[PDB]
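Notes follow once the structure below has been shown.
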Amino acid sequence: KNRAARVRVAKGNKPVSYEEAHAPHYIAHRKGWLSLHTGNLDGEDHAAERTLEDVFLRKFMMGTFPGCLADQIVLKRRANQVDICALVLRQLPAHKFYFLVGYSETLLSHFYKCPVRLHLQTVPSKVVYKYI
Amino acid sequence: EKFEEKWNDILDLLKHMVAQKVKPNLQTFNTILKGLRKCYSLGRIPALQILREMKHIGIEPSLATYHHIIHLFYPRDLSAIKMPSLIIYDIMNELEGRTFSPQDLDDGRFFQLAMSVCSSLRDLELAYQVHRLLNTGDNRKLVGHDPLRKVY
Amino acid sequence: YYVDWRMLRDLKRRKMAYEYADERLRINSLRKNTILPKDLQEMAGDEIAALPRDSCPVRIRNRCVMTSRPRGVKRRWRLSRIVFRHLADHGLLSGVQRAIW
Amino acid sequence: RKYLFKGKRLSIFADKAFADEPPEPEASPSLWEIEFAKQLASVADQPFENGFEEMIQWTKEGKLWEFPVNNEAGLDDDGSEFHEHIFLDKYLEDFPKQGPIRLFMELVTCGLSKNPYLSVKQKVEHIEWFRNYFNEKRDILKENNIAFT
Amino acid sequence: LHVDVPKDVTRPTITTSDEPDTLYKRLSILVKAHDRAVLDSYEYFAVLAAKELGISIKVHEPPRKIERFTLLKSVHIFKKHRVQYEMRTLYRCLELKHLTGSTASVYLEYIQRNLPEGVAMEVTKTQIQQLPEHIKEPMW
Ligand SMILES: [Mg+2]
């Protein structure tokens, strides 16, 4: 049996999101890609470096917004610009989010030497695709 | 103690600026007008003479230069509201359609002061001219900072 | 901290081969020809041998940057098959999908 | 009545027949002049109004790439020329004009001319290295009937 | 805005030089992406922009490339059981014609700045110029 990225069946009481519900073979069929860069296109270089930056950027955002992320972040690179699109729960006060955006943007712009912007869409609670 | 002496003294500094072949700049005239805002009653004729000399020399009046003439001609604590001055109408006609750039430290102050003068006179046509000036080019950048942006 | 002591030794091998690249290039050129006297070529063969062993670029091994696995690595991403599969199977690699055909 | 530009003026100053006679940078910018300029900028300092104004500011600061894309932006190799990279035999004058050393150095300078990853300064350093190397090996070369410098 | 409208919007300064302009006989723009739909939308945006600036444009779809590789599914042993992965590259070529150098910079800037994420461009300018003055006349 295949155990990869499959949120296994419980007893109908586990709330899975749309992204979690779909197994790897549904990538490019029902669900898209969380990161979009040009480094895996044919005849393009720097796939290794773009992928390493993504791994870090996901661990950074989880720790910087602990318990406030409703779903996985979406990374969008255009030219040298990096854009982080995160669904965040409305737990923290509004002014605290302005602090973490100013901090996380400046810190990651001086670390990777690119303009980095953070885009946050606030949800009242995690969105449940189905109960499995 | 005596304004006449004080005014004649400041002029002496200007006279030594020509003896030493030193030409004045915009800030030089702006400083004199900002000082004149203390003597509202007696600074009106002196203030206009400065603006006429500014053009003859070739220095171009900035938004700050009018901000100081307005303060001197439209006092906020003005008891004599019966017959206000009409200079605000002439100034706006002069500045109609012109675009301005930051050239002094009181440029932002002009717009907030101009709108206030409109409310005192209860002339809404003038308020449209002032706002219309704010929209030409990139004049919007000189509306003011947080304290003066919300007052305007 | 690097993943393990094996990745640390390799990192040093990569920084010492970069330092001695010009030297090992200039000297080794004297040996890879038939135009110079064999006496000089035999002597240049010994100058290259005397350089430190970690300068030799054939002692570099490509290891997974995240797990330090010596074999199973894909050179385009610098990740092992196990680590690459975890990022790919979760939609985290841009454009990588499963191959159905 | 209250004409803004009609009437008597101070007349202390005279019409500027000569204008801006002293240059603006009479001396290197002083702290007083450097700081007053920073304050003039704040006078018109307003926050970004849309994504265009943000990108304009990043471009002025070098943070964002310029368009159309130039893969060699800011990449000048000491302002060299093509002939400098390709014709390198001027640097082989110190070496013997003929013989095995000339035959070897010809191959060295041929490869250096076809090297796009090195600057001219770096290429010269490779040539200089061999000049000093053969000088040190003068005695071994003399035994082989090769005379260097 | 209903009543509040800019009056005389400030426009950038474009100064005509005295240097002659480049003449591009052809200008091939090969965009690449993993997604065909993005290429369709970008093709629509680029073809509309060209037609609005007076540029002559033609579009074709070069054959797609699919790169597949195989990996070991298990972490340990079980050699015969594998997993295969692929990356699909799709192409849309925008062939422009008879462009001056000023028209090719403004157009390329506008369309490169609006290049969606995950899309790579490969511009191939083809300039046409006279013969070198030395070559024009044989000299011994
Ligand atoms: Mg090996």
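The chains in the structure tokens are called A, B, ... from first to last as shown; in each chain the residues are counted from 1, and the ligands are counted from 1 in the order shown.
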Within 8 Å of ligand 1, counting only C-alpha atoms and all ligand atoms: which residues, as a compact mmCIF listing (two decimals) with N, CA, C and O atoms, in the first residue's frame?
# COMPACT_ATOMS: atom_id res chain seq x y z
N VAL C 58 38.66 15.01 -7.33
CA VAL C 58 37.96 13.74 -7.46
C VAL C 58 37.57 13.16 -6.10
O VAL C 58 36.99 12.06 -6.05
N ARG C 59 37.86 13.86 -5.01
CA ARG C 59 37.48 13.43 -3.67
C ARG C 59 36.21 14.12 -3.20
O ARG C 59 35.81 13.94 -2.05
N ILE C 60 35.57 14.89 -4.06
CA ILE C 60 34.28 15.50 -3.77
C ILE C 60 33.19 14.50 -4.11
O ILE C 60 33.21 13.86 -5.16
N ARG C 61 32.23 14.35 -3.19
CA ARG C 61 31.08 13.47 -3.37
C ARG C 61 29.82 14.32 -3.29
O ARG C 61 29.71 15.18 -2.41
N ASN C 62 28.89 14.08 -4.19
CA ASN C 62 27.62 14.81 -4.18
C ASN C 62 26.67 14.15 -3.20
O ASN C 62 26.25 13.01 -3.39
All residues 8 Å or closer to stretch 26-30 of chain A, only C-alpha atoms, same chain fewer than 4 positions away omitted, as a ChimeraX atom specification = /A:22 /C:91,97-98
Using N, CA, C and O atoms, can you write the selected residues to a file as a PDB file, in the first residue's frame?
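Output file out-v3.pdb follows:
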ATOM      1  N   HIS A  22      -6.452  15.216  -1.412  1.00  0.00           N
ATOM      2  CA  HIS A  22      -6.038  14.672  -2.700  1.00  0.00           C
ATOM      3  C   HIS A  22      -4.626  14.106  -2.619  1.00  0.00           C
ATOM      4  O   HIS A  22      -3.704  14.779  -2.148  1.00  0.00           O
TER       5      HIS A  22
ATOM      6  N   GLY C  91       3.126  18.529  -3.756  1.00  0.00           N
ATOM      7  CA  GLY C  91       2.870  19.686  -4.584  1.00  0.00           C
ATOM      8  C   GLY C  91       3.788  20.857  -4.334  1.00  0.00           C
ATOM      9  O   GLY C  91       3.439  21.986  -4.689  1.00  0.00           O
ATOM     10  N   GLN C  97       5.131  16.617 -11.502  1.00  0.00           N
ATOM     11  CA  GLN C  97       3.922  15.839 -11.306  1.00  0.00           C
ATOM     12  C   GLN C  97       4.266  14.372 -11.507  1.00  0.00           C
ATOM     13  O   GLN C  97       5.360  14.027 -11.957  1.00  0.00           O
ATOM     14  N   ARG C  98       3.324  13.502 -11.165  1.00  0.00           N
ATOM     15  CA  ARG C  98       3.508  12.087 -11.422  1.00  0.00           C
ATOM     16  C   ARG C  98       3.353  11.814 -12.912  1.00  0.00           C
ATOM     17  O   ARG C  98       2.585  12.479 -13.610  1.00  0.00           O
TER      18      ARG C  98
END
For chain D, which residues have at least one atom within 10 Å of chain E, if we go by only C-alpha atoms? Write them as a PyMOL selection string, please.
-> chain D and resi 65-69
Any chance you could export the current selection's N, CA and C atoms as an mmCIF file, in the first residue's frame?
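What ended up in part.cif:
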data_model
loop_
_atom_site.group_PDB
_atom_site.id
_atom_site.type_symbol
_atom_site.label_atom_id
_atom_site.label_comp_id
_atom_site.auth_asym_id
_atom_site.auth_seq_id
_atom_site.Cartn_x
_atom_site.Cartn_y
_atom_site.Cartn_z
ATOM 1 N N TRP D 65 14.574 44.385 -10.752
ATOM 2 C CA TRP D 65 15.259 44.366 -12.037
ATOM 3 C C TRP D 65 14.702 45.437 -12.963
ATOM 4 N N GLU D 66 15.571 45.958 -13.823
ATOM 5 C CA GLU D 66 15.152 46.894 -14.853
ATOM 6 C C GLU D 66 14.639 46.134 -16.067
ATOM 7 N N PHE D 67 13.735 46.771 -16.807
ATOM 8 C CA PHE D 67 13.130 46.154 -17.974
ATOM 9 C C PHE D 67 13.281 47.071 -19.181
ATOM 10 N N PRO D 68 13.467 46.515 -20.391
ATOM 11 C CA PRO D 68 13.557 45.087 -20.725
ATOM 12 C C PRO D 68 14.777 44.400 -20.120
ATOM 13 N N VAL D 69 14.655 43.099 -19.861
ATOM 14 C CA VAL D 69 15.695 42.374 -19.145
ATOM 15 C C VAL D 69 16.983 42.382 -19.955
#
Contacts of stretch 88-101 of chain D at 12 Å or less, counting only C-alpha atoms, minus same-chain residues fewer than 5 places along, as a ChimeraX atom specification?
-> /C:30,33-38,40 /D:82-83,106-115,120-121,123-135,138,141,144-149
Restrict the calculation to only C-alpha atoms, then for each residue of chain A with any atom at most 10 Å from an atom of chain D give the closest atom pair and their distance in Å to one decimal, rows by chain and rising residue number, as JSON lines.
{"residue": "A:79", "atom": "CA", "partner": "D:65", "partner_atom": "CA", "distance": 7.2}
{"residue": "A:80", "atom": "CA", "partner": "D:64", "partner_atom": "CA", "distance": 6.7}
{"residue": "A:81", "atom": "CA", "partner": "D:64", "partner_atom": "CA", "distance": 7.3}
{"residue": "A:109", "atom": "CA", "partner": "D:63", "partner_atom": "CA", "distance": 9.5}
{"residue": "A:113", "atom": "CA", "partner": "D:63", "partner_atom": "CA", "distance": 8.2}
{"residue": "A:114", "atom": "CA", "partner": "D:63", "partner_atom": "CA", "distance": 6.7}
{"residue": "A:115", "atom": "CA", "partner": "D:63", "partner_atom": "CA", "distance": 6.4}
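Selected on chain E by distance to chain B: residues 6, 7, 8, 9 and 10 of chain E (within 6 Å, counting only C-alpha atoms).
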